[PDB]
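Trainee: Please read through the structure below; I'll follow up with questions.
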Ligand SMILES: O=C(NCC1CCN(c2ccccn2)CC1)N1CCCC1
Ligand SMILES: O=C(NCC1CCN(c2ccccn2)CC1)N1CCCC1
Ligand SMILES: O=C(NCC1CCN(c2ccccn2)CC1)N1CCCC1
Ligand SMILES: O=C(NCC1CCN(c2ccccn2)CC1)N1CCCC1
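Chains as they are written, first to last, in UniProt numbering: chain A, 22 to 214; chain B, 22 to 214.
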C-alpha cells in the first residue's frame with residue numbers, strides 16, 4: 022500500500038533519468054511498479070501528480086535540512102556558515118538531478134509546480150534577509166542595498182547557477198567549482214562596502 | 022513581401038502579449054497579417070519559426086548595443102560602466118517582455134532556442150571575464166575567483182533575476198530596483214577582496 026506508492030515514485034524517478042515526463046506513460050509507471058493501470062489511479066490521478074509528489078519530497082528534504090542548520094549554528098566563520106546553507110541544495114537537489122530537471126520543465130506549464138517552488142523561495146529569501154539584517158545590527162555588515170532585495174537576487178542566482186551546473190549546460194560553472202563561486206559572491210555582496 | 026513578413030512577426034508579438042504560443046495557430050497569424058494560410062508558409066515553416074525569428078531579432082539588438090558600448094567607453098566610474106551593460110538587457114528585453122516570456126517557455130523543448138541563447142551567453146561571459154582579467158592586470162580588482170567562473174555566475178544571475186522582475190514573479194526584485202541590486206552584486210564581487 023505505502024509500498025505500491027513508493028514503487029510508483031521510484032519508477033518515475035528512474036524513468037525520468039532517461040526521458041522527459043511527456044515520453045513516460047501511466048502504463049510505463051504502472052508496469053514498473055508491478056501494478057495495473059487502474060490500480061495506479063487509486064494512488065495518483067495522473068503522471069503529473071507523481072512528479073509533483075517527487076518535487077514536494079525533495080523540496081521538503083531541503084527545507085528540513087535548512088531548518089536543522091538554522092537551529093544548530095556551526096562554530097565556524099561567516100563564509101563557512103553561508104556555505105553550509107548553499108550546500109543543502111547542492112547536496113539534496115544534486116542527489117535528484119532528474120527530478121530537478123523535470124520540475125524545471127514543468128514549471129512553464131504547471132501552476133502547482135510554480136506555486137510550490139515560490140512558497141519555499143519566499144521562506145528562504147525571508148530567512149536570508151533576516152540574517153543579513155541581524156548581521157547589519159551587529160555591525161558585521163554595512164547597510165548597503167535593502168536586505169530583502171539583495172537576498173532575492175542572491176537566492177535567484179543560486180537557483181539558476183546550481184541548475185545550470187547540475188545539467189552541464191553550456192555555459193555553466195563546473196559542479197566542482199560552483200559552491201566556492203556562489204559563496205564568494207554571497208560574502209562579498211553581503212559584507213562588502 | 023518584406024511587408025508581409027514584418028506583419029506576420031508583428032502579429033505574433035501582439036498575440037503573445039495575451040496567450041502562449043501553444044494557443045496561437047498559424048491561422049491566427051495569417052489572419053492578423055492579412056494573408057492566407059498557404060501564403061504564411063511561403064514566409065515561415067511554422068509558428069515556432071516565427072518565435073525563433075522574433076528571438077533572434079531581440080538577441081541581435083542587445084548584442085549590437087553591447088558591441089556599441091564596448092567600442093565607445095563612457096567617461097564615468099566603474100560602477101556606472103557595468104550598469105550601462107546590464108541596462109542593455111533591461112532596456113532591450115524589457116521592451117519585448119512577451120517575446121522574452123515565450124522564448125523562456127520554449128527553451129525547455131526547443132534545441133534551436135536553447136542553442137541561440139547559449140551562443141550569445143558564451144560571448145557575453147567571455148567579454149565579461151576579459152574585462153575582469155583587464156581590471157586585475159591594472160591592479161583595480163583583486164585576483165580572487167577564476168574570472169570566467171565569476172563571469173558565468175554573474176551573467177546567469179542577471180538572466181534569471183531580470184526574467185523574474187520582468188514577469189512580476191513572486192519572489193522578484195521590483196523592476197525599478199533591479200538594476201541597482203544587480204550592479205551592487207557585480208561591483209562587490211568583482212572588486213571586493
Ligand atoms: O542556495 C540557495 N539558497 C541559499 C540560502 C543561504 C541562507 N540560507 C540558510 C543558511 C544557513 C542555514 C539555513 N539556511 C537559506 C538558503 N538556493 C535557494 C534556491 C535554490 C538555491
Ligand atoms: O533549479 C532549481 N530550483 C528551481 C526548480 C523549480 C522546479 N522544481 C521544483 C518545484 C517545486 C518543488 C521542488 N522542485 C525543480 C527546482 N534548483 C534548486 C537547486 C538546484 C537547481
Ligand atoms: O545583464 C547581463 N549581462 C551583463 C553583462 C555586463 C558586461 N557586459 C558589457 C558591459 C559593458 C559593455 C558591453 N558589455 C556584457 C553584459 N545579462 C546577460 C544575460 C542576460 C542578462
Ligand atoms: O530570461 C532572459 N534570458 C533567457 C531567455 C532565453 C529564451 N529566450 C531567448 C532565446 C534565444 C534568443 C533570445 N531570447 C528569451 C530569453 N532574460 C534576458 C534579459 C531578460 C530576462
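For each residue, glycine too, the CB sits at the ideal point set by N, CA and C.
Here's the rule I'm using: 16 or more other beta-carbon atoms within 10 Å means buried, otherwise exposed. How should residue 170 (chain A) be labelled?
Mentor: Residue 170 (chain A) should be labelled buried.
Trainee: Is the stretch 65–79 of chain B in contact with the stretch 106–121 of chain B, if contact means three or more CB pairs nearer than 8 Å?
Mentor: A contact exists between the stretch 65–79 of chain B and the stretch 106–121 of chain B.
Trainee: For a minimum of 4 consecutive residues, which ranges assigned as the alpha helix (DSSP H) are wholly contained in the UniProt domain "HTH tetR-type" (23–83) of chain A?
Mentor: Listed in chain order, the complete alpha helix (DSSP H) runs (minimum 4 residues) inside the UniProt domain "HTH tetR-type" (23–83) of chain A are 23–37, 47–54, 58–64.
Trainee: Could you check what DSSP says for residue 169 (chain A) in three-state terms: helix, strand or coil?
Mentor: Helix.
Trainee: What's the gap between the Cα of residue 223 (chain A) and the Cα of residue 40 (chain A)?
Mentor: As displayed, chain A neither begins before 22 nor continues past 214, which places residue 223 (chain A) out of reach and without an answer.
Trainee: Assign residue 117 (chain B) to one of three DSSP states: helix, strand, or coil.
Mentor: Three-state DSSP puts residue 117 (chain B) in coil, outside helix and strand.
Trainee: Which residues, in order along the stretch 181–194 of chain B, keep a beta-carbon less than 8 Å from a beta-carbon of chain A?
Mentor: Those would be 181, 182, 185, 190, 191, 192, 193, 194, in chain order.
Trainee: Between residue 164 (chain B) and chain A, is there a C-beta pair that is closer than 8 Å?
Mentor: Not closer than 8 Å to any Cβ of chain A, the Cβ of residue 164 (chain B) fails to qualify, so no.
Trainee: Given residue 56 (chain B), which residues of its chain have a CB within under 7 Å of its CB, disregarding the five upstream and five downstream residues?
Mentor: Cβ neighbours of residue 56 (chain B) beyond the five flanking positions: 25.
Trainee: Could you tell me whether the Cβ atoms of residue 175 (chain B) and residue 210 (chain B) are closer together than 8 Å?
Mentor: Yes, the pair counts as a contact, with Cβ atoms nearer than the cut-off.
Trainee: Any beta carbon from chain A within less than 8 Å of residue 107 (chain B)'s own beta carbon?
Mentor: Not an interface residue.
Trainee: Could you check if residue 124 (chain B) belongs to the surroundings of ligand 4, using beta carbon to heavy atom distance under 7 Å?
Mentor: Under cutoff, so the answer is yes.
Trainee: Considering only the alpha carbon of each residue, which of B:213, B:181, B:166, B:196 lies closest to residue 199 (chain A)?
Mentor: Answer by Cα proximity: B:166.
Trainee: With 7 Å as the C-beta to C-beta threshold (strictly closer), list the residues of the stretch 137–164 of chain A near chain B in chain order.
Mentor: For the stretch 137–164 of chain A, which is checked against every Cβ of chain B, the residues closer than 7 Å are 139, 142, 143, 146.
Trainee: Select from B:95, B:156, B:121, B:107 the residue whose C-alpha is nearest the C-alpha of residue 38 (chain B).
Mentor: Of the listed residues, the one whose Cα sits closest to residue 38 (chain B) is B:121.
Trainee: Examine chain B for any beta-carbon lying closer than 8 Å to the beta-carbon of residue 117 (chain A), and answer yes or no.
Mentor: Judged by the 8 Å Cβ criterion, residue 117 (chain A) is not in contact with chain B.
Trainee: Quick one: what does DSSP say residue 179 (chain B) is sitting in, helix, strand or coil?
Mentor: It is helical.
Trainee: With DSSP collapsed to three states, give me the class of residue 131 (chain B).
Mentor: Reduced to three states, the DSSP call for residue 131 (chain B) is coil.
Trainee: Under 7 Å Cβ to Cβ from residue 49 (chain B), same chain only, skipping five residues before and after it: list those, please.
Mentor: For residue 49 (chain B), where only same-chain residues beyond five positions count, the Cβ hits under 7 Å are 36.
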